[PDB]
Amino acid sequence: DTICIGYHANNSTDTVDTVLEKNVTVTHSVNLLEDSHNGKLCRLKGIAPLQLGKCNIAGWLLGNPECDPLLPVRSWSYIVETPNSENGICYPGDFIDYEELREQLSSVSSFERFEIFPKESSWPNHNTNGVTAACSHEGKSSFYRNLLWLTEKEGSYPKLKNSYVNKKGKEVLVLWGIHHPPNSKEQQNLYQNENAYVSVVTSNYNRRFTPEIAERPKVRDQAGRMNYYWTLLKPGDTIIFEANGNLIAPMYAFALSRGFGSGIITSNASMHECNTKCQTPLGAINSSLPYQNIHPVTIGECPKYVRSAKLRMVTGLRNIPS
């Protein structure tokens, strides 16, 4: 009559690493490293992402005609750009403080595109039919949907001074442009004044612009430039434009609302009818694991990103079926 004391062995092939010995077969274990994703763009906690399609941030904000127009009011959980955004700034020029604007948009959750300065008529005695070939649409020469090219009417460019009072109850992003002709001849043929100026002022904002005439290398078949500027009009505040030439006036502005846990990503994936608490540019992660080696860029409640290819923790014993 005999009795023995022994331990559990099963049939698992799970291998873990230790400090003294690598690659040890054990009976039970758990994996703390998530490496799987569905490769889809999903809703985040019930809210669909804002897809810009062919446009990037700049192209959408300015109103590139080549991009399919969005609904007037939109709400999202995160913003998506396509890697090959061919549509952006279609008229050559520098977009000032563009990156800071992106950062501002990273905490924005909703927008309302409204007509701040109606085409007819906020700028009397000026021509608002200005178009260009660089911003073409359906073959024809066109222009930004949100901006307006105020030129000379009947051989004169009268000094305009208009203003908007923000009664939306939210921040109002306002964008405008400043045109820079290559020569003084065009400057006169467009704005009739070689000494033009544009003045934009609010409570906290204050800037003056001057036409800089210079022959510049052809970009998109344009030797002239067009610098783009923006500001955030606080609720109740008033924005004032006052110019006598070279002003690419605003037409549509954006009413913005702030939200948390949002951001911008550059993804190649497509939108599916699905939902997740964690989203990466490669796809959605559905996991409660503490780590993930999929992608550094994460939006929502996600595991921490690491470079590890294996994180397996042992729970059972050293498996010895022999």
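Definition used throughout: the rigid core is the maximal C-alpha set that superposes within 1.5 Å between two forms. Numbering starts at 1 and runs along the sequence shown.
Peer 1: Fitting on the rigid core only, I'd like to know which of the two stretches, 102-110 or 71-79, ends up farther away in Cα terms in 9 other deposited structures of this protein.
Peer 2: Evaluated in 9 other deposited structures of this protein, the stretch farther from the shown form is 71-79.
Peer 1: Between 58-66 and 45-53, report the one with more C-alpha displacement in 9 other deposited structures of this protein relative to this form after a rigid core superposition.
Peer 2: Of 58-66 and 45-53, the stretch deviating more in 9 other deposited structures of this protein is 45-53.
Peer 1: Which has the higher mean CA temperature factor in the PDB entry, 165-173 or 137-145?
Peer 2: The deposited B-factors put 137-145 ahead on the C-alpha mean.
Peer 1: Between 227-235 and 146-154, name whichever shows the higher mean Cα B factor according to the PDB entry.
Peer 2: Result: 146-154.
Peer 1: Of the options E81, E194, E115, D97, which has the highest CA B factor as deposited?
Peer 2: Reading the PDB entry, the winner on C-alpha B-factor is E194.
Peer 1: If I read the C-alpha B-factors straight from the PDB entry, which of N183, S203, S107, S77 is highest?
Peer 2: Largest recorded C-alpha B-factor: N183.
Peer 1: Divide the modelled residues of the chain into thirds by Cα B-factor and specify which third, lowest, middle or highest, holds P69.
Peer 2: Answer is highest: the recorded C-alpha B-factor places it there.
Peer 1: Rank-wise, by C-alpha B-factor, drop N11 into the lowest, middle or highest third of its chain.
Peer 2: It belongs to the highest third of the chain when residues are ordered by C-alpha B-factor.
Peer 1: Sorting the chain's CA B-factors, does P124 end up in the lowest, middle or highest third?
Peer 2: Tercile = highest for this residue's CA B-factor.
Peer 1: Looking at the entry's B-factor column for C-alpha atoms only, identify whether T25 ranks in the lowest, middle or highest third of its chain.
Peer 2: Ranked within chain, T25 CA B lands in the highest tercile.
Peer 1: Give the position of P211 by CA B-factor within its chain, expressed as the lowest, middle or highest third.
Peer 2: As the PDB entry reports it, the C-alpha B-factor of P211 lands in the highest third of its chain.
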